[PDB]
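# Examination of the molecular architecture
One letter stands for each residue in the lines below.
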Amino acid sequence: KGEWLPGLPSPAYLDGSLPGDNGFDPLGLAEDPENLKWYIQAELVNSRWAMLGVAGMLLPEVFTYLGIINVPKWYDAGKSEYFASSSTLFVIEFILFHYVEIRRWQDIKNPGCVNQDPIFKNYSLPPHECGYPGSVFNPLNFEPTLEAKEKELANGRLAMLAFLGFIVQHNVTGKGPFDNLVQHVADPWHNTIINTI
Amino acid sequence: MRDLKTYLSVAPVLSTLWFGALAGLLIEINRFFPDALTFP
Amino acid sequence: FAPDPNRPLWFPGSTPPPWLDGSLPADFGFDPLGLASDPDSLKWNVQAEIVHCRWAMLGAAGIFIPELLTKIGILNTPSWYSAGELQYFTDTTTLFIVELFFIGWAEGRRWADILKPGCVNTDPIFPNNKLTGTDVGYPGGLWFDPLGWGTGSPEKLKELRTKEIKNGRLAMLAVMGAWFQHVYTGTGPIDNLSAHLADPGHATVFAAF
Amino acid sequence: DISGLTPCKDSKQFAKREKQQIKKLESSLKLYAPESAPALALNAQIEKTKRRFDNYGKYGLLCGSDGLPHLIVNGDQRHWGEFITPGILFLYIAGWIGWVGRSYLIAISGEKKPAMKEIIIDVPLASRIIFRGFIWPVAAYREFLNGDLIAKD
Ligand code: CLA
Ligand code: CLA
Ligand SMILES: CC(/C=C/C=C(C)/C=C/[C@@]12O[C@]1(C)C[C@@H](O)CC2(C)C)=C\C=C\C=C(C)\C=C\C=C(C)\C=C\[C@@]12O[C@]1(C)C[C@@H](O)CC2(C)C
Ligand SMILES: CC(/C=C/C=C(C)/C=C/[C@@]12O[C@]1(C)C[C@@H](O)CC2(C)C)=C\C=C\C=C(C)\C=C\C=C(C)\C=C\[C@@]12O[C@]1(C)C[C@@H](O)CC2(C)C
Ligand SMILES: CCCCCCCS[C@@H]1O[C@H](CO)[C@@H](O)[C@H](O)[C@H]1O
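Residues numbered from 1 in each chain as written, not as in the entry; some residues may be left out. Chains lettered and ligands numbered in written order. Part of a larger assembly, values for the part shown. Heavy atoms only, no water.

Looking at the method and resolution fields of the entry, one finds cryo-EM and 2.4 Å.

See the structure below:
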């Protein structure tokens, strides 16, 4: 348990037991325990999705700048031609996620409902903690220590901020993240947010 | 000092300060962004 | 820092206000408007006066030392009044933003000190580096008191702080004096001093009509 | 276009209105020296009118048979900037105000004489509350599920 603002006392409901607790809740969103239980799951899933999203926007552009591969920009990959057309892909995504997210939601409502699979009733998910299924979802059997959860949450928060930065930078410059970085590092003192306004 | 701060927290004084700040903000927005019929 | 009821007053023959006691350095019983009636208000105002005094001392040095050396020829610095509108290695806006970041970190830690005395005396990165100060406004330590003059007897400390406060008050008056002199005379402060010394009977404020 | 209206970049009545406004402004210009301050002020008004009409042309507004812009509200995706986006921004500001008011009324309810904090406002408490409206949709939703929004009497 650290302090996000040295001097400010931590809120009472933030006990220092949860991973990633730095006493950061100035707007009192998590005062109700029922809201905090929901916000923990929301933070975990949003961080996990933002991690993959940021990797997907950044790394293929870095590898395109180096010449190893040639793929379109993240904001331009949408209107490319694939084997299945955008609408079919969206429908498939909607169906698959409508299944998996309701399966996940049943676990948030009550911890141990959907551990057993319907088709092969032999198998089942061992008892676990909410947001940390493990077993099949952790094939390499990495131990879920407090350090690992803290690292996951920190990297996820950094990833969400990176995603917001990507979106705002593309909206205000019209170019990709890595070329913005290259333009800034080329001449730092004349390529800033000020010179784009 | 304490009593004067208490008086400046009374409803009419706070109201005139708040609405003056709001009016100034709106006036400056209209001075720099005049004749707005839509939101581009 | 004990009460001093027989100290010289700003207005000889008057009675100092009860909240102005004499324990604070550079106390002359001057508070006609009762701006420091509350103890919290006095605590805040002491810190405000200290930071104003130090900033104005630095400002007075930066205006008056370089402009005296220009009139002698040891330096060729431009006028202080228009030094802000010159062109530098970067535009003024990014300089202001970088200054905002750095000074904001410093000022936020000072704010944390004001709100809660202990709070920020320890290095965030290297736990072993600590500030050795004790009173609010005097951080001490190797960074803000390398020579160790900041701590000592409870009698020489009071006069050492009184000198600082009075010098800061003088510099606070002097900075505004230079500003208004530049506004109303159109030339530098050392030019004003030399012109007044040449003709003290006429070269004054009234020499504008 | 929609409802028989024509875009204001095409309609001749819009241009005729713009020409007549400038002509009306230029008649008072004749009564002043070409270098005087009133002549400089009417010229600024002329430029303001030119900019206004050019903007109304560029934004893609529809004008009737009178040369005046007409608003489209039904929900057309090319006219969201006239009602939908401003309406969303208004609904965000008003909900902010309402939520900050509700939180302040709740915060002072449990006191000895809570009517004194309604005529003499506790400014620090208001400063604490005020910036909670930035996330007012999330909290307003969340007290709907739990049941802390509506008093069940
Ligand atoms: C900080 C001390 C200080 C000092 C030493 C001076 C000195 C001087 N000022 Mg000046 N001035 C000051 C503050 C000061 N000023 C302040 C705060 C203002 C803003 C109101 C001005 C506004 C000002 C104008 C507009 C003009 C001068 C001018 C002058 C010069 C002619 C004398 C005169 O007419 O004084 C006039 C003094 C005032 C109008 C107000 C001064 C009141 C201060 C605060 C009291 C200073 C005495 C005090 C006991 C401290 C003594 C310090 C000690 C070293 C003696 C002279 C070099 C004139 C000039 O340039 O000459 C050609 C001129 O035109 N001053
Ligand atoms: C906390 C502030 C607050 C809130 C949340 C509401 C909420 C509501 N009012 Mg209401 N009202 C308020 C203040 C408030 N009112 C005040 C001050 C008055 C006296 C002028 C009224 C007079 C009033 C009438 C006459 C009616 C409502 C109605 C309603 C309901 C429908 C919405 C509506 O018509 O709004 C319209 C709201 C107004 C016309 C008044 C708004 C006044 C300002 C904007 C509120 C300022 C609050 C405060 C000064 C700020 C707090 C600062 C604090 C942080 C220190 C809704 C439950 C209607 C209803 O019952 O139908 C369901 C209805 O008919 N209200
Ligand atoms: C999930 C996410 C992004 C996911 C991105 C994805 C999937 C991207 C996918 C793509 O790129 C690829 C892969 C390939 C491209 O070709 C296509 C697209 C589709 C473009 C972002 C979350 C982003 C989430 C963000 C940014 C959340 C920020 C929240 C903050 C800062 C809240 C802070 C507070 O709530 C606290 C913490 C405490 C309160 O007391 C105070 C406040 C301040 C209110
Ligand atoms: C005068 C002043 C305050 C005066 C206040 C007074 C008298 C108040 C008196 C009272 O309250 C009391 C005592 C008691 C009450 O009961 C009665 C009243 C009467 C109400 C502050 C000035 C304070 C002035 C300050 C802090 C000035 C700092 C200046 C700086 C840093 C300048 C820097 C530069 O000049 C350089 C260095 C180089 C240039 O090129 C660039 C720049 C940046 C321009
Ligand atoms: C800008 C936020 C802080 C503003 C503080 C202004 C004075 S705060 C003021 O203090 C009084 C006691 O002195 C109280 O009686 C009153 O309720 C309170 O509003």
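Moving on, there is more to tell.
### Examining the site of ligand 3
All names here are of chain A. Near ligand 3, the surroundings consist of 14 residues, among which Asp25, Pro26, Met57, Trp74 and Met160 are the closest. Contact between ligand 3 and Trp74: an oxygen atom at 3.2 Å from a main-chain N or O atom of the residue. Among the elements of the structure, α1 (33-65) and α3 (146-173) are those that each provide at least two residues to the shell around ligand 3. If one sorts the elements of the shell around ligand 3 by residue count, α1 sits on top with five residues. Looking at the shell around ligand 3 residue by residue, the class counts come to 11 nonpolar, two polar and one charged. (Near = heavy atom within 4 Å. Polar contact = N/O pair within 3.5 Å; in protein donor to acceptor, adjacent residues only side chain to side chain. Helix = DSSP H or I, 4+ residues; strand = E, 2+ residues; numbered from the N terminus. Nonpolar A, V, L, I, M, F, W, Y, C, P; charged D, E, K, R; others polar.)

### Some remarks on the pattern of salt bridges
All told, the structure shown has 20 salt bridges over all chains when counted by the stated rule. Of the charged contacts in the structure, one is a salt bridge between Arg52 of chain D and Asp35 of chain B, with a shortest N-O distance of 3.2 Å. Linking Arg52 of chain D in helix α2 (residues 37-58) with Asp35 of chain B in the segment after α2 (11-32), this pair reaches from one chain into another. Overall, the relative accessible area of 22% leaves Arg52 of chain D in the partly exposed class. We note a salt bridge from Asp1 of chain D to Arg78 of chain D, for which the minimum N-O separation is 3.6 Å. Residue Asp1 of chain D is located in the segment before β1 (6-7), and its partner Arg78 of chain D is located in the loop between β3 (69-70) and α3 (84-107); the two are separated by 77 residues in the primary sequence. (Salt bridge = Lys/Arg side-chain N within 4 Å of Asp/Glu carboxyl O. Buried < 20%, exposed > 50% of the residue type's maximum accessible area, 1.4 Å probe, protein only.)

### Thoughts on the sheet that holds β1 of chain D
Residues and elements named next belong to chain D. If you walk across this open sheet you meet the three strands as β1-β2-β3, and the pairing is antiparallel. A single partner strand is all that each edge strand has here, and the edge strands are β1 and β3. In the sheet, strand β2 (residues 62-63) pairs with β3 via two bridges, with the strands oriented antiparallel. Counterpart to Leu62 in the pairing with β3 is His70. (Pairing = 2+ DSSP bridges.)

### Some details on unusual backbone geometry
What you tend to see is this: most non-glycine residues have negative phi, and most peptide bonds are trans. Even without being a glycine, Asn141 of chain A presents a positive backbone phi close to 60°. Examined against the element boundaries, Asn141 of chain A turns out to sit in the loop between α2 (86-109) and α3. Residue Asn141 of chain A is classed as exposed on the basis of its relative accessible area of 65%. Even without being a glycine, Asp35 of chain B presents a positive backbone phi close to 55°.

### A short note on the interface of chain C and chain A
The interface is formed by 11 residues belonging to chain C together with five residues belonging to chain A. Contact between chain C and chain A buries roughly 660 Å² in total, counting both sides, with carbon and sulfur atoms accounting for 71%. Area buried by chain C at its contact with chain A is led by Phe89, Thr90 and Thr94 of chain C, which between them contribute 43% of it. Scanning the region where chain C abuts chain A turns up one residue pair in polar contact. Of the residues in the side of chain C that touches chain A, the class split is six nonpolar, three polar and two charged. (Contact = heavy atoms within 4.5 Å. Buried area = accessible area lost by both parts, 1.4 Å probe.)

### What to know about the interface of chain D and chain B
In this assembly, 15 residues from chain D lie in contact with 12 residues from chain B. Of the roughly 1,200 Å² buried between chain D and chain B, counting both surfaces, carbon and sulfur atoms make up 70%. By the criterion of area lost to chain B, the three top residues of chain D are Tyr56, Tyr59 and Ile120 of chain D, representing 30% of everything that side buries. Counting across the chain D and chain B interface gives two salt bridges. Secondary structure elements with two or more residues in the side of chain D that touches chain B: α2, α3 and α5 (123-130) of chain D. When residues of the side of chain D that touches chain B are assigned to their parent elements, the largest contribution, three residues, is made by α2 of chain D. By residue class, the composition of the side of chain D that touches chain B is 10 nonpolar, two polar and three charged.

### Notes on the packing of aromatic side chains
Per the counting criterion, the structure on display carries 12 aromatic pairs over all chains. Judged by centre distance (5.2 Å) and plane angle (65°), the rings of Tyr65 of chain A and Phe178 of chain A are edge-to-face. Of this pair, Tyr65 of chain A sits in helix α1 while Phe178 of chain A is found in helix α4 (residues 177-186), placing the two residues 113 residues apart along the sequence. A residue is classified by how much of its surface remains accessible, and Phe178 of chain A, at 17% relative accessible area, is buried. An aromatic cluster of at least three residues, connected via ring pairs, comprises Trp10, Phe11 and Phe30 of chain C. A cation over a ring is seen here: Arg48 of chain A above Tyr132 of chain A, with NZ or CZ 5.6 Å from the ring centre. Taking NZ or CZ as reference, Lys149 of chain A lies 4.2 Å from the ring centre of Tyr132 of chain A, over its face. (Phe/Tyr/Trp six-rings, centres within 6.5 Å; stacked < 30°, edge-to-face > 60°. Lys NZ or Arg CZ within 6 Å of the ring centre and 35° of its normal.)

### Here's the deal with the UniProt feature "transmembrane region" in chain D
Feature annotation in UniProt assigns "transmembrane region" to the following positions: residues 80-100 of chain D. Secondary structure within residues 80-100 of chain D divides into 81% helix and 0% strand; the distance between the first and last C-alpha atoms comes to 29 Å. (UniProt positions renumbered as here; feature names shortened; annotations may be inferred.)

### Observations concerning the state of the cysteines
Following the criterion strictly, the structure yields one disulfide over all chains and no others. The residue that forms a disulfide with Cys8 of chain D is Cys63 of chain D, at a sulfur-sulfur distance of 2.0 Å. With the S-S dihedral at roughly 100°, the linkage between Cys8 of chain D and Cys63 of chain D falls on the right-handed side. Taken as a pair, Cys8 of chain D in the loop between β1 and α1 (12-29) and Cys63 of chain D in strand β2 lie far apart in primary sequence, 55 residues in all. For the pair formed by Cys8 of chain D and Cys63 of chain D, the shared burial category is buried. Not part of a disulfide, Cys113 of chain A finds its nearest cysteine sulfur in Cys130 of chain A, a span of 9.2 Å. (Disulfide = S-S within 2.5 Å.)

### Concerning the packing of α1 of chain D against α2 of chain D
All names here are of chain D. The geometry of α1 relative to α2 is characterised by a closest axis approach of 9 Å and an angle of 175° between their N-to-C directions. Here α2 runs roughly antiparallel to α1, going by the angle between their axes. Every residue of α2 that contacts α1 at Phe14, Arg17, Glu18, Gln21, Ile22, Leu25, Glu26, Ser28 and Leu29 is listed here: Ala39, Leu42, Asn43, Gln45, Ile46, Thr49, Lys50, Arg52, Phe53, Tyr56 and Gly57. In the contact of α1 with α2, the residues fall into nine nonpolar, six polar and five charged. (Axes fitted to C-alpha atoms, helices over the stretch in contact; angles between N-to-C directions. Parallel < 35°, antiparallel > 145°, perpendicular 65-115°, else oblique.)

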